[PDB]
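Enquirer: Position one of the sequence shown corresponds to residue 1 (the deposited numbering), numbered consecutively onward.
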Amino acid sequence: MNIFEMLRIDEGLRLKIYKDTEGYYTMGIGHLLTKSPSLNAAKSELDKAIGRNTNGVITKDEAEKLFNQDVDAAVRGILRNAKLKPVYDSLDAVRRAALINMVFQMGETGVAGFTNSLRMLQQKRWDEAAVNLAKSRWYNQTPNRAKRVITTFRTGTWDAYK
Ligand SMILES: [Cl-]
Ligand SMILES: [Cl-]
C-alpha cells in the first residue's frame, strides 16, 4: 500500500462534479474546486484546472493527473511548513502517509492547528496522540476516515486499510 492507494480509498473517484462532505464542489479524487455555491464557478475552475472546456465531466486520466498534482502539492506544503516539516521528518514511512492524508483532506493550515497532537506525534507517544486527535471536529464529522488515519498513526501499519 502507499499514499496514492490510501487516498484513492479514502476519497473515492468520480468523474462528474459532485459535492464533498462539507457540500463543496469537487471532482475526481477529492480535488476541491471551489468553496463557492455557484456550479458555474465550479465548472469554470474545473476547465481552468483541466485546460479545456469539459462541461463538468473529465476522463480517468485527467482525474489521475489532478490527483498526482494534488499529492505532490501536499508533500511540498508539509515540507515548507515550519510546524509540519519537523514532524514529518521524525516519522516512519507509513506514518508520514497518515500525515499526508490529513493534509490532503484539510490543508496545511488546518493540520498545523493540531499543535498538541503534533507534538505527541513528534515524541512518538502513539496512543496518546490517537486519543488527542479524536477530540476534534474532524473526527466527529468524518469518523470512519478519521479512524483509519488515526489507527495508522497509532500502529504504524496499514491494517486499517487492509
Ligand atoms: Cl489546479
Ligand atoms: Cl467518514
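Where is the CB? At the ideal position from N, CA and C, for every residue including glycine.
Just reading off the beta strand (DSSP E) that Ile17 is part of, what are its end residues?
Expert: Within the sequence shown, numbered from 1, the residue matching residue 17 stands at position 17. Note, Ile17: beta strand (DSSP E), 14–19.
Enquirer: Is the region 104–116 close to the region 64–82, with three or more CB pairs under 8 Å?
Expert: Because the criterion of three Cβ pairs below 8 Å is met, the region 104–116 and the region 64–82 touch.
Enquirer: Buried or exposed: where does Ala98 fall if 16 or more other Cβ atoms within 10 Å of its Cβ makes it buried?
Expert: As a position in the sequence shown, residue 98 is number 98, starting the count at 1. Classification of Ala98: buried, given that the 10 Å Cβ count is 16 or more.
Enquirer: Measuring from the CB of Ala146, is there a heavy atom of ligand 1 at a distance below 7 Å?
Expert: The count along the sequence shown starts at 1 and reaches residue 146 at position 146. No, the beta carbon of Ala146 sits no closer than 7 Å to any heavy atom of ligand 1.
Enquirer: Report the option in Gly51, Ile29, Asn53, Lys48 whose CA atom is closest to the CA atom of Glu64.
Expert: The residue you call residue 64 lines up with position 64 of the sequence shown. With distances taken between Cα atoms, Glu64 lies closest to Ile29.
Enquirer: Are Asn116 and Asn140 touching if we call contact CB-CB under 8 Å?
Expert: Here residue 116 refers to the residue found at position 116 when the sequence shown is read from its first residue. Here residue 140 refers to the residue found at position 140 when the sequence shown is read from its first residue. It is not a contact, given that the beta carbons lie outside the stated cut-off.
Enquirer: Which class does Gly28 belong to by DSSP, given the choice of helix, strand or coil?
Expert: Within the sequence shown, numbered from 1, the residue matching residue 28 stands at position 28. DSSP places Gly28 in strand when its eight states are reduced to three.
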